[PDB]
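Keeping their order, the protein sequence lines are chains A and B. Each residue of the first sequence is one higher than the one before, counting from 169 in the working numbering. Each residue of the second sequence is one higher than the one before, counting from 68 in the working numbering. Backbone N, C-alpha and C define an ideal beta-carbon position, used for all residues, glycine too. Contents: one structure, followed by commentary.
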Amino acid sequence: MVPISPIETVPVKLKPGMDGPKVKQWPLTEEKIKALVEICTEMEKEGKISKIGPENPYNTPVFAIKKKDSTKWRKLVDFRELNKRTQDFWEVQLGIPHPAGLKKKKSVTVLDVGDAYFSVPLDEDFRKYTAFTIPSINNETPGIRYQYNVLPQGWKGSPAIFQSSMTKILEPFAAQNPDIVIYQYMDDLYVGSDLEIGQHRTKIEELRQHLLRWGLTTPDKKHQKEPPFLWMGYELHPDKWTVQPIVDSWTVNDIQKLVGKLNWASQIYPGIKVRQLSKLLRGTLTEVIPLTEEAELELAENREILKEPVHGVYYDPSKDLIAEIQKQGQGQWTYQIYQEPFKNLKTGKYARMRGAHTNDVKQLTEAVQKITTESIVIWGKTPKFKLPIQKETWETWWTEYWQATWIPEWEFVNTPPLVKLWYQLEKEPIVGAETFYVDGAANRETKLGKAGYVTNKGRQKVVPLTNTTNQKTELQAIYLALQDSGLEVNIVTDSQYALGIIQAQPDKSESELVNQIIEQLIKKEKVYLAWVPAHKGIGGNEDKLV
Amino acid sequence: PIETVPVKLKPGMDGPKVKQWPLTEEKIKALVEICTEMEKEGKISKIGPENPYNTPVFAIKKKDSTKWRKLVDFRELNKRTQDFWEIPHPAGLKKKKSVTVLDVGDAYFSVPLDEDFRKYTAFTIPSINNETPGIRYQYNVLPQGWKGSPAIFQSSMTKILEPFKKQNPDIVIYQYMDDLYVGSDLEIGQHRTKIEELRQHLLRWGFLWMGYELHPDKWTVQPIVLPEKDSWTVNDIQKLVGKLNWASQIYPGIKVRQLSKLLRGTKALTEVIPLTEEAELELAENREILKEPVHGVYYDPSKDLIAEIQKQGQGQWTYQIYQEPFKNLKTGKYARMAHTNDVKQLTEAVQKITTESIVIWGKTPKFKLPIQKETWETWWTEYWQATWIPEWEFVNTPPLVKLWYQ
Ligand SMILES: C=CC(=O)N(C)CCOc1cc(Cl)ccc1Oc1cc(Cl)cc(C#N)c1
């Protein structure tokens, strides 16, 4: 016998105030009872469990489940009540590696270590709250009681404790084999080395011994699982990666789950559009909502897009890292991240936020930050950007925007549609331009009001309006001055609301009144917009409140 | 010394569980080199999954050094830490002709921590692309950035500079977080000297080499100024009236009607208007009102300090500190000559304002930043250089009051 080094237990407690669990052992069938005794006797043989006497008041139920057609039965324990009372643990697999983030390696071995789950001790002080009773036949004999000596399969503590210990063992092996790269996800190990398949194949051996020195079983023959590795819904190959092709009454499930499915496909499939269906979800749980004969238009570039299978490549730290962005229309943006042209590392889309108004230059900035954050997650660096916006456009925008803003290092790529500034307010009153004093007002009861203007040239207008509000009429009044004025115009308003909207420089809005103003601004040469306080009897402050 | 000053949270709260955020590879590398000596010096030690507590951590360059330093975002532990009620602000410090800031939390690490609380000082060095589990850790000693780390050392620290300040009963000494604010009425040479002396006096009991020079501002609340012109266009009067109307909320007694009378009538915006004798008089009385400071404006240590920041263009930023609106405790303008990076400027401005706020009231404010959360969230840690962090929120409507603070 060669002594195995021991695995330090993890101090485990329950939630405070909650003493623990006590559950009624369910009435079973004599076959199930006959089967379950066989396992426990063999498990006791191994040291996985131990008999407990009449001092334990905590009961966890244990039922039996046959392995489908396979005649061998299998025992399950429902610690679901021990779990509701068990303490909190630090989980670390809160995120899945991204294939595009892996460096290409000559050889890569995958070792399953899920077996050693039970090779991992338990805190002896806690082995009690895990305890189960096997119903005796005919209820005529005292039941058999048992507890676990190792991390049980259903205990919430068992994942987190396995991983922490498994890491602790591996730290010396990796420090002394710097020529290798080990990654540990969840009960799996991923060794990768740019070494002759012979040297690599034996450093896999060394490792299995190291884990054996602590008593961890691991496969040697029939562990290859050689690429294609099927993993977390990807298909990884030695030089390329992709996604495992995954799958009239358009039920809400055809919408509620198909949302994340098409998004999943768009980390490597360029031009996957998923927006019109997201509107169809609305704020709903079962309905065959229509395709609007408009959402189906994307499928003619979606189901036709999944035909040509698309692959991404693995990451090379020596090349630069580049992201390029396209405007798709409707608040939709696409990007590709890559190092050499058409050899994408991955792709994506950016969904516009729920604004009442907005403009492309803000949409672009947010897409940039999102790509920036994802790239730091995946590669630990920010990519250089290629963006469809002239440098001039970016300078004018950020220097005159009232908020702070920034894009990291980037270049103009001249694929249309370019992102542009549509209109630009003057900084100072325009000499020679007609001055329109505009005003609008409504009545909170009737929803009736007027909107109009008076000018320094004696031009005037008032239009009466039905079913309207002070905010609508203040805007209409500006819109009137824009239609009736020439290419150069000074506008005076008392509407702080109207100003707020325009000082945010939208180029598209939910309100169709706002879009008509915008469209008017675009046709102008020079617009100066001036605010004054209302009710101070200022100049042509109104006629529109009769 | 062996006794570890016991500590608990405030009644009925659990310790921090805050997501660590992604870090670039070079900052990950730096926290690796850094956090490998901190174990070798027992300042921290690894932990296992029994510990669910977590406090974010990242890396900065401090001033004029290429040596990476490590910060922990103790903001959620500091509002969960017991009051530590177990230091009336040196109002002398805000009047001193000069004040130097000295880093002293370099020596908080020489004192242990109540074995029961270390679990709440837990953090993770993160890995790229989730390839490895994070390197978790916990503090064994008193950590820089903790609200209790000055409170616990406030006893040992007073005995540290007890020789000093008995020699110099004028130099006002203040301490906030890992920073020692030493201020003098002495002239620049005499301050620059008594500084170097108080430095080595720290070494005998010991990033102390770093320090800052900061001198007071003439006006706590800068005056509101009205233009002085020989001719006024309609636009000029329209802005004037709009500004006096706004000032009427702060300085009641402001009358605008004689000026508004000159406006009635649809005159063109660039037309010169002659001022009437009435309007000229009303403008004059309005100035006199604005020459006096705003009256009956008191600080309140129970209350929160709000800071607002406007981007003015050309690297100029204006700010205001208040507790109640239209009663500013302080107002100011920071300028320049980055000039490519708006965010770099903003985060320095937030830093300068916070430090001032520590000098005046000894508590940092809450900002309302003219920036988008997601943009600010992405980049501020790349320019941050202070060992503390204020709280902040985000202004999504363009205040038309920016020019009135111009
Ligand atoms: C040439 C073959 C090849 O597959 N590559 C070059 C891809 C890079 O793969 C690795 C790169 C490194 Cl450095 C270490 C370990 C790597 O294998 C992993 C990593 C993960 Cl997360 C999951 C799996 C699985 N299943 C394998």
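Closest residue to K202 of chain A among A:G215, A:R242, A:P229 (Cα-Cα distance): Minimum Cα distance to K202 of chain A is reached at A:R242.
Residue burial classification, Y279 of chain B (beta-carbon count within 10 angstroms, cutoff 16): Taking a 10 Å sphere around the C-beta of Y279 of chain B, we find fewer than 16 other C-beta atoms and assign the residue as exposed.
Chain-ordered chain E contacts of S332 of chain A [CB-CB under 7 Å]: The question asks about chain E, but that chain is absent: this structure's protein chains are A and B.
Extent of the continuous alpha helix (DSSP H) run through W565 of chain A: For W565 of chain A, the enclosing alpha helix (DSSP H) covers residues 559 to 568.
8 Å Cβ cut-off: residues of chain B touching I706 of chain A: Under the 8 Å cutoff, chain B gives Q305, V308, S327, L330, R331.
Candidates B:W428, B:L467, B:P68, B:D181, of which the one nearest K378 of chain B by Cα: That would be B:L467, whose Cα lies nearest to the Cα of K378 of chain B.
Minimum Cβ-Cβ distance from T177 of chain A to chain B less than 7 Å: Contact of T177 of chain A with chain B is not assigned, every C-beta pair being separated by 7 Å or more.
Residues in the segment 600 to 633 of chain A having any Cβ partner in chain B nearer than 7 Å: Result list: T603, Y605, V622, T623, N624.
Per-residue contacts from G380 of chain B into chain A (C-beta, under 8 Å): The answer, in chain order, is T567, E568.
Sub-7 Å separation of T335 of chain A and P200 of chain B beta-carbons: Cβ distance < 7 Å, so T335 of chain A and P200 of chain B count as in contact.
Top-ranked residue by Cα proximity to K86 of chain B, from B:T103, B:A158, B:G109, B:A189: Distance check between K86 of chain B and each of B:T103, B:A158, B:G109, B:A189 places B:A189 closest, using alpha-carbon atoms only.
Contact under 7 Å by Cβ, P701 of chain A with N658 of chain A: In this structure, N658 of chain A does not lie closer than 7 Å to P701 of chain A by Cβ.
Simplified DSSP state of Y243 of chain B, which is helix, strand or coil: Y243 of chain B: strand per DSSP, three-state reduction.
Interface flag, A468 of chain A vs chain B, CB-CB below 7 Å: It does not; no Cβ of chain B falls within 7 Å.
In DSSP terms, what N121 of chain B is bridged to: As DSSP reads the structure, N121 of chain B sits in a beta bridge with B:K84.
Cβ distance (whole Å) where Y605 of chain A is taken to contact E642 of chain A below 8 Å: The C-beta distance from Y605 of chain A to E642 of chain A rounds to 13 Å, too long to fall under 8 Å, and the pair is not in contact.
Ligand 1 heavy atom lying under 6 Å from the CB of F397 of chain A: Yes.
Status (buried if at least 16 other CB within 10 Å, exposed otherwise) for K77 of chain B: Label assigned to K77 of chain B: exposed.
Cα-Cα separation between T343 of chain B and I706 of chain A, rounded to whole angstroms: Cα-Cα distance, rounded: 16 Å.
Three-way DSSP call (helix, strand, coil) for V180 of chain A in this model: In this structure, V180 of chain A counts as coil in the three-state DSSP scheme.
heavy atom of ligand 1 below 6 Å from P346 of chain A C-beta: In this structure, the C-beta of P346 of chain A stays at least 6 Å away from each heavy atom of ligand 1.
Nearest to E568 of chain A (by Cα), restricted to the options A:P179, A:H391, A:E594: Relative to the Cα of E568 of chain A, the nearest Cα in the group A:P179, A:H391, A:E594 belongs to A:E594.
Under 8 Å by beta carbon: chain B residues contacting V442 of chain A: Residues of chain B passing the Cβ test: none, with the nearest at roughly 21 Å.
Closer than 7 Å to chain B by CB, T573 of chain A: So yes, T573 of chain A belongs to the interface.
Segment contact flag, the segment 279 to 291 of chain A with the segment 233 to 240 of chain A, C-beta cutoff 8 Å, min 3 pairs: No, the segment 279 to 291 of chain A does not touch the segment 233 to 240 of chain A.
CB contact below 7 Å: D409 of chain B versus chain A: It does; some Cβ of chain A falls within 7 Å.
heavy atom of ligand 1 below 6 Å from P200 of chain B C-beta: Relative to ligand 1, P200 of chain B has its C-beta separated by 6 Å or more from all heavy atoms.
Check: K164 of chain B C-beta below 6 Å from any heavy atom of ligand 1: The closest heavy atom of ligand 1 lies 6 Å or more from the beta carbon of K164 of chain B.
Partner residues on chain A for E100 of chain B, Cβ-Cβ distance less than 8 Å: Within 8 Å Cβ-Cβ: nothing; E100 of chain B doesn't reach chain A, min ~15 Å.
Uninterrupted beta strand (DSSP E) stretches inside the segment 347 to 399 of chain A (no shorter than 3 residues): Those beta strand (DSSP E) runs which fall completely within the segment 347 to 399 of chain A and span 3+ residues are 349 to 352, 356 to 361, 397 to 399.
Cβ of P432 of chain B within 7 Å of any chain A Cβ: Not an interface residue.
Whole-angstrom distance between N224 of chain A and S218 of chain A, CA atom to CA atom: Roughly 13 Å between the two C-alpha positions.
Cβ-Cβ distance between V168 of chain B and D284 of chain B below 7 Å: No, the pair does not count as a contact, with Cβ atoms beyond the cut-off.
Within-7 Å CB hit, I329 of chain A to chain B: Answer yes: the Cβ-Cβ gap between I329 of chain A and chain B drops below 7 Å somewhere.
Neighbourhood of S663 of chain A by C-beta, 7 Å cutoff - its chain only, sequence neighbours within 5 removed: Excluding sequence neighbours, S663 of chain A sits near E642.
Residues near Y226 of chain A in its chain [Cβ-Cβ closer than 7 Å; skip 5 each side]: Cβ within range, chain order: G188, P189, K190, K296, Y297, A299.
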